[PDB]
Every structure is written in structure tokens, then in C-alpha cells.
Protein chains: 2
Amino acid sequence: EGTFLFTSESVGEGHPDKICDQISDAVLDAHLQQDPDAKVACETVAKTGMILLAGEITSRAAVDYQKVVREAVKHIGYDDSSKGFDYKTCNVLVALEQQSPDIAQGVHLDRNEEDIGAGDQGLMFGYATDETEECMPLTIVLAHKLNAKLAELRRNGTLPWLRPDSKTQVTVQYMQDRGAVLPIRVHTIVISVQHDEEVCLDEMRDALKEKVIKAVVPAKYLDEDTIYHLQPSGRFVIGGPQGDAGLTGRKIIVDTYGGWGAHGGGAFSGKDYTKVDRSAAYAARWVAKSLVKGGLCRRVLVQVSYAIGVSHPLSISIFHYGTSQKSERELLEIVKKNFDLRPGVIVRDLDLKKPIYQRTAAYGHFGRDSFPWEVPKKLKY
Amino acid sequence: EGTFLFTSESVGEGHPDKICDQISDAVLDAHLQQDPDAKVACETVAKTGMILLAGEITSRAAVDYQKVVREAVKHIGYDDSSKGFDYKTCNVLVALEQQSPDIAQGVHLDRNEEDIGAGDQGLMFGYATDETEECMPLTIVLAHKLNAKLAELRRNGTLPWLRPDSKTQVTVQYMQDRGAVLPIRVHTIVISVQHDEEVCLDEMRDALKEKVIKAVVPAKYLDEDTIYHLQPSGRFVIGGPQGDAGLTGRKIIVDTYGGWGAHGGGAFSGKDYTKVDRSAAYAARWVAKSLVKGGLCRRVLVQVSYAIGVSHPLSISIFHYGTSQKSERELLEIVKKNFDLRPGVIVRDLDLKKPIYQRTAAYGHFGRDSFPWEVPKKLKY
Ligand SMILES: O=c1c(-c2ccc(O)cc2)c(Nc2cc[nH]n2)[nH]c2c(-c3ccccc3)c(-c3ccccc3)nn12
Ligand SMILES: O=c1c(-c2ccc(O)cc2)c(Nc2cc[nH]n2)[nH]c2c(-c3ccccc3)c(-c3ccccc3)nn12
Ligand SMILES: C[S@@+](CC[C@H](N)C(=O)[O-])C[C@H]1O[C@@H](n2cnc3c(N)ncnc32)[C@H](O)[C@@H]1O
Ligand SMILES: C[S@@+](CC[C@H](N)C(=O)[O-])C[C@H]1O[C@@H](n2cnc3c(N)ncnc32)[C@H](O)[C@@H]1O
Ligand SMILES: [Cl-]
Ligand SMILES: [Cl-]
Ligand SMILES: [Cl-]
Ligand SMILES: [Cl-]
């Protein structure tokens with residue numbers, strides 16, 4: 001009574017959708033290194049032997065797409081045909097055009113930077129929860145860390161049968177606590193990871209429990225009833241793009257809160273700051289985290305929305321789940337007094353011309369590494 | 001006090017992401033017409049002059065991809081270079097392989113149909129709300145209907161300057177009502193739609209208000225304070241894939257609840273029933289709607305999750321927002337007694353081998369047309 005199960009998932013750096021996100025952001029970063037005002041909307045598609053870039057870029061930079069793509073794939077670890085994909089020998093195809101002049105004229109041409117219009121319509125949410133220090137749901141934090149642990153043990157050679165494509169999933173039993181949530185125990189863990197042709201299933205399952213799960217999940221959350229689904233498909237030799245096509249922006253829930261809070265549908269990777277799908281979601285996270293770390297609430301969800309060409313949000317809304325003594329109306333006044341959610345101001349507050357985006361594109365965009373949107377603003381009220 | 005704004009969006013049939021969803025489901029349907037057991041994972045990518053199919057299909061069908069793709073684009077309305085895209089003359093590229101044998105062996109080979117494994121891990125949600133008869137949020141219903149109205153007036157020739165690519169966005173002021181939500185008024189509407197080179201902005205804005213909004217949104221929701229952003233970019237002649245690359249599965253929030261409820265991240269289009277991203281989300285909608293139409297709650301969210309190769313969900317969870325006299329524990333017992341959420345049973349209950357998927361791929365998968373997942377189950381308890 002008062003408890004429920006909740007599940008979130010994450011994926012590894014070599015998951016084919018995440019490959020695409022990382023490549024899209026490597027392209028963005030390459031442009032921004034040379035032209036901080038590049039307009040970038042770079043989608044990546046991955047299938048056996050192929051990376052395709054499709055989208056719209058207007059930029060003063062001279063970018064070697066072959067090098068940028070191949071270096072990103074090398075970093076992920078796909079470096080041999082035996083692994084199913086090789087940065088040295090794959091096809092890299094480019095279908096990139098300039099940004100539509102109709103978009104450019106309606107969004108940013110002949111506009112003062114602070115008054116640039118949103119690059120599109122849409123809705124975006126930010127969320128924070130006091131259940132972890134980093135203000136993220138435990139389900140998603142643990143799922144990300146399990147993938148990171150796999151990559152670590154692959155790269156350090158202790159589990160050399162590992163390959164880069166992985167997925168994880170964590171189910172936690174939660175208790176209610178005055179509108180907030182408290183994690184009690186881990187009910188179920190799934191891990192699936194691509195592997196070489198030589199290792200056997202029992203060796204993999206033993207390693208995944210002892211060297212991955214136990215190295216990540218605190219023992220206080222694990223008990224004799226916890227259910228483990230380790231390599232549940234039985235065989236995962238074919239992987240990466242060869243096993244499953246990847247596309248940019250197909251892991252938007254992994255990128256955010258693991259299903260908690262809410263999501264407006266927009267993808268992050270491959271987009272410069274004028275695309276509010278990214279910048280306003282980052283700003284909304286920053287607002288939410290600022291409210292929780294400032295002691296105003298324990299758990300909070302912020303919605304913003306925009307119209308293409310219009311700088312100020314059309315709507316700003318807040319829900320605190322009953323975890324503040326202040327009304328949501330009062331919290332909204334505090335937010336309005338402390339934040340300016342025009343994209344041309346967000347860019348300054350969060351330093352969004354800086355080429356740090358490839359680092360955001362695996363293991364979630366939130367709750368990690370003290371990115372600007374993770375540093376709470378001191379609120380005046 | 002007790003009120004908040006909430007925004008949802010929708011897109012039209014010629015929006016480039018939605019083009020991709022529709023093509024992916026046209027391909028699925030073509031396979032299912034000949035082989036009800038086809039294994040389909042068809043991604044579509046669209047950019048100027050190009051439809052690319054990428055993914056994995058194992059099927060006994062003989063499908064003419066050129067015809068299927070081009071007929072889908074014709075139906076949407078892209079039939080001339082003057083509109084930016086033409087089904088008769090575009091490039092159709094195919095990068096389709098068989099389903100991975102490692103997946104096939106772990107999911108469905110040599111398994112009894114009812115006991116087939118989930119085609120992947122993941123989490124899925126179903127939602128229902130009593131605020132409309134179709135048990136959907138008003139924000140998303142209105143946003144979809146505005147796009148449908150644009151397509152209607154394009155196809156009937158009364159606004160012949162319209163083209164197929166459109167987006168809409170609706171902000172509603174809601175009041176709290178004992179855990180449920182009540183819509184009060186429409187605060188803001190956005191409409192952006194591709195148009196010919198001859199029509200002027202004032203003609204478009206007048207038509208969008210008088211012939212689109214007033215034909216869709218009840219006057220009781222509109223007042224002298226409602227804000228209208230009609231063609232806010234000022235010019236939208238370039239559109240469709242030429243204006244913005246499209247990909248399958250990039251409108252997952254438009255496809256579902258417009259940001260309400262929750263989303264697990266999986267895309268629907270291009271996937272047969274063994275992909276629980278689709279089948280289990282449909283079943284979860286069916287459960288949620290059955291609970292509301294059965295009088296057990298006014299508003300409800302259901303989560304399910306799976307592991308690849310495992311037939312039964314790993315977790316089932318329910319949240320009723322305080323809108324039931326029964327506890328969520330009791331509702332879960334009712335759900336367990338009345339539903340079987342194995343994919344190999346869902347397929348029978350919801351008739352998921354039937355080639356009806358292209359019809360789901362615009363205007364949302366839920367709340368429309370009495371699809372099987374929209375017909376409530378009579379609950380025994
Ligand atoms: O706040 C809550 C509470 C809650 C928290 C503290 C309190 O004092 C009172 C109630 C809650 N309580 C219970 C109890 C039995 N079942 N549920 N369940 C949930 C869910 C959720 C759960 C199961 C499936 C689906 C969504 C969510 C959510 C999660 C993700 C996205 C959107 C909503 N929030 N939430
Ligand atoms: O249930 C509620 C209630 C509520 C309903 C009936 C009651 O008797 C008591 C409370 C509520 N109340 C208020 C009041 C002032 N602000 N909020 N606000 C919300 C939101 C939401 C709102 C603004 C931004 C973001 C999310 C949501 C939601 C919507 C989509 C996804 C997830 C959660 N639910 N919700
Ligand atoms: C299961 S595949 C999706 C379904 C697939 N498109 C098909 O044709 O059936 C989704 C993800 O699961 C992982 N995956 C691929 N092959 C797998 C296998 N043999 N066992 C487990 N997971 C696998 C990869 O991370 C892949 O991107
Ligand atoms: C604004 S575009 C996204 C940003 C774009 N990729 C870029 O290069 O800036 C997203 C969607 O908005 C719509 N759109 C395209 N051109 C537009 C215009 N000139 N005015 C308004 N909306 C437009 C189309 O539905 C398109 O798919
Ligand atoms: Cl996936
Ligand atoms: Cl191998
Ligand atoms: Cl879009
Ligand atoms: Cl024209």
C-alpha cells in the first residue's frame with residue numbers, strides 16, 4: 001500500500017540510435033568550433049555499413065564530414081568487420097542542404113540576438129526530483145550507469161568479448177512520500193549486450209551479475225527476490241546498425257528522465273540553440289533543478305511552449321506534485337522574476353554556442369557532469 | 001487558483017516526419033496483406049527528392065516498394081515539383097535486410113504464438129482521461145482536428161493555396177477537479193501551413209481564423225483574450241522534406257497523448273505486433289480506456305515493461321491520480337484478471353495482423369475510429 005513499480009531503460013554508446021545522436025552532435029560541434037552561429041539540423045541514419053547525414057546546415061565552417069563521422073564511430077568502438085561495423089571502411093553519405101530561407105527569414109535574419117524567434121513551435125518539459133543528489137529518478141540513473149560500466153569493462157579489456165551495442169532496464173519499487181517518491185528496492189534488471197562469437201552464455205551472465213550489476217547497484221537495493229534478465233535473447237553476436245537501423249532522436253526518453261516527468265516530443269541531437277526543442281528543454285531542466293535545490297519543492301515539472309518566429313514562450317506552467325508550501329502560481333512568479341526563456345537569452349545563460357554537445361549524446365543529457373543547466377541558479381524572491 | 005495552462009501540438013499528413021510514419025506503415029500493411037506473420041521494422045527517411053527505407057523485414061510477401069512508397073506520397077498530396085515534392089519523380093532508395101537471425105531465434109523461432117517473446121525490451125504507457133468522450137486530452141484532440149481541417153480544405157479546393165505540410169498547437173487553461181482535469185478555455189492557438197507563392201499573408205491569416213479555427217474549436221472556448229499565432233514565420237512556401245528532413249518515429253508525443261500521461265520512448269510506425277513498442281502501448285491504451293469507460297476511474301496511467309525474448313511483462317503499474325475509490329493495488333488485480341499482456345495474446349485480442357496501420361499514422365493512434373484498442377473491454381470483478 002502506497003507503493004508501485006516503475007521501470008526505465010538506457011542504452012550504450014554503440015546502440016544504433018545513440019550512434020546517430022552522437023554523430024549528429026559531433027557534426028554540430030565541428031561546425032560550432034569554427035562558426036559559433038552555425039544553423040544546424042543534422043539527422044543521422046545508420047544501417048549495415050552506412051552512415052547517412054540528412055538535414056540542413058548554414059554555416060561559415062568548412063567541415064570534413066568523412067573525418068567527423070568516422071572519428072565518432074572510432075570513439076564508440078566500431079573498428080572492425082568482426083564487430084559488425086568499422087569506421088575505417090563504412091560508407092558515409094551526405095544529403096545536407098542549406099537551412100530553408102523561409103525558416104531563416106522568419107526566425108533569425110535581421111533580428112537582434114536576444115530577440116531571435118524560436119526556431120520552431122513546440123512544447124518542452126523540465127523535471128527534477130530530490131530522490132537522488134543529482135535530482136534525477138533512480139531508475140534512469142542506474143540504467144545509464146549499467147551501460148557506462150559495460151563500456152568501461154570493454155575499454156579496459158577485462159571483458160574483451162563485449163561489443164559497443166547495449167541496452168539496460170531497471171524496475172524499482174517506490175513508496176509515496178508527501179507527493180515525492182522514495183526508492184525502496186530494485187525489483188528487476190535487464191541487460192542485453194552485443195558479444196563475440198566465442199564467449200558462452202553462462203560466462204556472460206555470471207559476469208553481468210558480478211562485474212556489472214554488483215559494481216553499479218548498491219547491495220541495499222538488491223535482495224534474493226530481485227529478478228535478473230541477463231542476455232535474455234540468448235544470442236547477441238549481430239549488433240550495432242547491422243542488427244537494427246538507428247536514427248537520430250529515437251531515444252528521447254533515455255535522453256531525459258526515463259519516463260518520469262513529461263516529454264514534449266522534440267529530439268536534442270544535431271540542433272543548434274535556436275532549436276528550442278533542445279535549448280528550452282535544457283533551460284526547463286535548469287529551472288526545475290533550481291527550484292528543488294533552492295528548497296522550494298522536492299519534485300517539480302515545468303512546461304514551456306513556443307511558436308516559430310516568436311521569442312517569448314507562449315505558455316509557462318508548473319506542477320509541484322504537492323511538494324511545496326507555495327502554490328504553483330507563486331512558483332511561476334518566482335520563475336518569471338529569475339529566468340528569461342527567450343532562446344536568445346538562454347544561449348547566453350547556458351553558453352549554448354560552446355561545442356560540448358557530443359558529450360551530451362550518451363548517458364542522458366541531465367543529471368551529469370555539471371553542464372550549465374545542471375548548476376542551479378540562486379533564486380531571488 | 002487551481003488552474004494551469006497546458007499545451008499540445010499536432011502535425012499534418014505532409015509534415016516530413018509524418019510522411020515517414022505513413023510510408024513505414026504503408027510498407028507494413030503491404031507485407032501483412034500477403035504474409036500476416038511478416039516481421040517488419042521499416043524506418044523511412046525523407047529529404048529533398050528522396051525517400052529512403054532502412055531496416056529489417058523477413059516476409060513471404062513480394063512487395064513493390066516503388067509503388068507502395070509512391071502511392072503513399074500521392075495520397076498525402078505531394079504530386080508536383082511546384083509543391084516541393086512529387087511522388088512521380090522522387091528518388092526511392094531501399095536499404096532493407098532480413099531480420100537479424102539472433103533476434104529471430106531469441107524472440108519467435110520455434111515458439112508457440114501465445115508464448116512468443118517480446119521483440120525488444122522497453123517500457124510503454126497507456127492513458128485515458130474523461131475530459132472528452134473519446135477519453136483523450138482536449139489539447140491534442142483540438143490540435144489534430146485543426147490539421148485534419150486543413151487537409152479537408154486543401155482536398156476540397158476551397159483553400160487551393162494550401163500544401164500538405166502543417167503544424168498546429170493548442171494551449172488550454174485547465175481547472176483541477178478531484179484529480180481529474182476540466183478544460184476551461186483555449187488560451188493560444190498556433191497554425192503554420194505550407195502555401196503557394198501567390199497567396200498573401202493577410203488572406204491566409206483570415207482564412208485560418210475563420211475557416212479553420214472557427215470550424216474546429218467550439219466558440220465557448222474562444223474569447224477576446226485568446227491569442228492567435230497564424231503563419232507566425234511570415235512565409236512557408238518551402239515545405240515538406242525540402243524544408244526539413246523527416247524520419248519515422250519523431251512524432252511520438254503527437255502519436256499518443258500530446259504530452260499528457262507518460263511515454264516510454266518507442267515509436268509505433270513500421271513495426272509488426274511482435275514489437276511491443278506498438279502492441280503493448282496499444283494494449284495499455286485499451287486497458288486505460290476500459291478502466292475509465294467502466295467507471296472505475298476518471299483518469300488513469302498504466303505502465304508495462306518487457307525484456308526481449310520474454311513473453312510476460314516484467315512489470316505492470318497503475319496510477320489513478322486520486323480519481324478512483326479503489327486503490328491502485330485493487331485496480332491492478334482487476335487488470336490482471338481481465339487482460340493478458342503477452343504480445344502473442346494481444347495480437348489476438350486487438351487483431352494486430354490486420355493491415356490497418358497506415359490509417360493510424362496521422363492524427364494520432366488513439367481516440368479515433370473505433371480501432372480495437374479504442375473499444376473498451378467489459379471488466380469482470
Ligand atoms: O506521483 C505519483 C504517485 C504518488 C506519489 C506520492 C504521493 O504522495 C502520492 C502519489 C504514484 N502513486 C502510486 C501508488 C500506486 N500507484 N501509483 N504513482 C505515480 C506514477 C506512476 C505510477 C505507476 C504507473 C504510472 C505512473 C507517476 C508518474 C510517473 C511517470 C510519469 C508520470 C507519472 N507519478 N506518481
Ligand atoms: O494532475 C495534475 C494537476 C492536478 C489535477 C487535479 C487535482 O485535483 C490536483 C492537481 C495539476 N495541477 C496544477 C495546478 C497548477 N499547476 N498544476 N497540474 C498537472 C500537470 C502539469 C501542469 C503544469 C505543467 C506540467 C504538468 C500534469 C501533467 C501533465 C502532463 C504530464 C504529466 C503531468 N498533471 N497535473
Ligand atoms: C531488438 S532490436 C529492435 C527490433 C529489430 N528492429 C527487428 O528487426 O526485430 C532493438 C535493439 O535491441 C538490441 N538488440 C539487437 N539485437 C539483439 C539481440 N540479438 N539480442 C538482444 N538485443 C538485441 C540493439 O540494441 C538494438 O538496437
Ligand atoms: C521549422 S522546421 C525545423 C527546423 C529546421 N530543420 C531548420 O533547418 O531550421 C520543423 C517543421 O516546421 C515546419 N516548417 C518548415 N518550414 C517552415 C516555415 N517556413 N514556417 C513555419 N514552419 C515551417 C515543417 O512542418 C517542418 O517539418
Ligand atoms: Cl531500440
Ligand atoms: Cl565475433
Ligand atoms: Cl518538427
Ligand atoms: Cl508555389
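In the text below, chain A, chain B and the rest are named by the order of the sequence lines, each starting its count at 1. Counting convention: from 1, in listed order, for ligands and their atoms alike. Heavy-atom basis, side chains included; hydrogens, waters and symmetry copies ignored.
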Where at least one partner belongs to residues 95-108 of chain B, residue pairs that pass salt bridge (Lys or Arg N to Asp or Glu O under 4.0 Å), sequence neighbours excluded: A:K47-B:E97, A:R235-B:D102
Can you list everything that forms a side-chain contact (heavy atoms from CB on, under 4.5 Å) with A:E330? Sequence neighbours excluded, please. A:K326, A:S327
Under the 3.5 angstrom rule, does the side chain of B:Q121 hit a backbone N or O of A:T168 as a donor-acceptor pair? yes
Specify whether B:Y174 and B:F4 have parallel, tilted or perpendicular ring planes, treating 30° as the upper limit for parallel and 60° as the lower limit for perpendicular. parallel
Using 30° and 60° as the class boundaries, would you call the ring planes of A:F366 and A:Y257 parallel, tilted or perpendicular? parallel
Between ligand 2 and the protein, tabulate every N or O atom pair separated by less than 3.5 Å, reporting distance only.
from     : atom 1 : to     : atom 2 : distance (Å)
ligand 2 : 1 (O)  : B:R299 : NH1    : 2.8
ligand 2 : 1 (O)  : B:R299 : NH2    : 3.4
ligand 2 : 8 (O)  : B:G179 : N      : 2.9
ligand 2 : 12 (N) : B:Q176 : NE2    : 2.8
ligand 2 : 16 (N) : A:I318 : O      : 2.8
ligand 2 : 17 (N) : A:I318 : O      : 3.4
ligand 2 : 34 (N) : B:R299 : NH2    : 3.2

My understanding is that only residues two or more places apart in sequence, or in another chain, count here; which of them pass side-chain contact (heavy atoms from CB on, under 4.5 Å) with A:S24? A:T44, A:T248, A:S269
